[PDB]
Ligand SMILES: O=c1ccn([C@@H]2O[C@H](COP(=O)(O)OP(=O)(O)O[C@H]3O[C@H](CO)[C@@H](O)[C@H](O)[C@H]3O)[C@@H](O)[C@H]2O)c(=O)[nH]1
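Next comes just one chain, in structure tokens: the form solved without the named molecule.
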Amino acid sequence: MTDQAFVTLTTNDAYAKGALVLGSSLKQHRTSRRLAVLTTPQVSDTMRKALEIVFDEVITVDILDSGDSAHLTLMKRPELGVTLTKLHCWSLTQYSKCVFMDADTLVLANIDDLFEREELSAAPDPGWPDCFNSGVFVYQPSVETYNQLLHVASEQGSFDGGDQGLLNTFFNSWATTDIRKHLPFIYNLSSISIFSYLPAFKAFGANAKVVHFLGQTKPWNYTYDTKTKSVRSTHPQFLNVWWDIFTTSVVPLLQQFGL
């Protein structure tokens, strides 16, 4: 399916690692869809070159450039830089439908059945569950929607200073409309919810299709012991999946660029 893609975003090298693990995880679970990554010029050439191998398409977005449609909004709302860059996922009109996934998510199972969903489908955010979590969503590229989102970003900004606020504001019927636009939580399982509601994780977590690494420490911020195959200093299994992919597939990939 060439006109459908998973789309992610990396604005730096640290998140490129996440994006590389994510992309690898999607390939590992045999997606039949394209993989696209939005990148900024702040992503270094070696990460970019690795991204070009993992992803079918690497799209460079430079909202710091005057030529960018989001640039004026950036000047108005400089804290929305990441948001405005992410919003360019809607510019990818070479695709009819996409699943956006933040670079700090990890695919545990094939999730191509997401492409049955309509814009805007997303899992509930823990914390304020009448908002959707913007880490994973099904959307449809459209210059119009992009422009409309830009306009809301310009006019109202984001109630949380992030892309999630903006997206919830724009796609505001999510909470009260169409249960099919509630992605099951297992398609965007907040790593924090392992703690916040442990019995529920015990009951339903084995079904996790996507893990979303939230909180202060991102997976790449951990130390991974390659001998014991575990991160150190915590329910580590998801981190360990992330690190195994990173160790097995991503590092060896980045290593071949030194030659």
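The first residue of the shown sequence is 1; numbering continues from there.
Missing here is the form solved in complex with the named molecule; even so, the following discussion is about that form.
Exercise for the section: Would you mind picking out the stretch of 159 to 167, 87 to 95, 178 to 186, 68 to 76 that comes within 4.5 angstroms of the named molecule in the entry with it bound, counting non-hydrogen atoms? Expected result: Careful reading of the contacts points to 159 to 167.
Problem - Close approach of residue 11 to the named molecule in the entry with it bound, 4.5 Å, heavy atom - result: Yes, residue 11 is a contact residue.
Exercise for the section: Classify residue 135 as contacting or not contacting the named molecule in the entry with it bound by the rule of any non-hydrogen atom within 4.5 angstroms, answering yes or no. Expected result: Close contact exists here: in the entry with it bound, residue 135 approaches the named molecule to within 4.5 Å, heavy atoms only.
Problem - Partner proximity in the entry with it bound: residue 103 to the named molecule, non-hydrogen atom cutoff 4.5 Å - result: Yes, residue 103 is a contact residue.
Handout entry: Contact flag, residue 41 vs the named molecule in the entry with it bound, heavy atom cut 4.5 Å
Key = Looking in the entry with it bound, residue contacts with the named molecule do not include residue 41, since no heavy atom lies within 4.5 Å.
Problem - Residue (of 54, 36, 63, 214) lying close to the named molecule in the entry with it bound, criterion heavy atoms within 4.5 Å - result: Only one listed residue qualifies here, and that residue is 214.
Practice task
Check each residue of 109 to 130 against the named molecule in the entry with it bound and list those with a heavy atom within 4.5 Å, in sequence order.
Solution key: Going through 109 to 130 in order - heavy atoms within 4.5 Å of the named molecule in the entry with it bound - there is one hit, 125.
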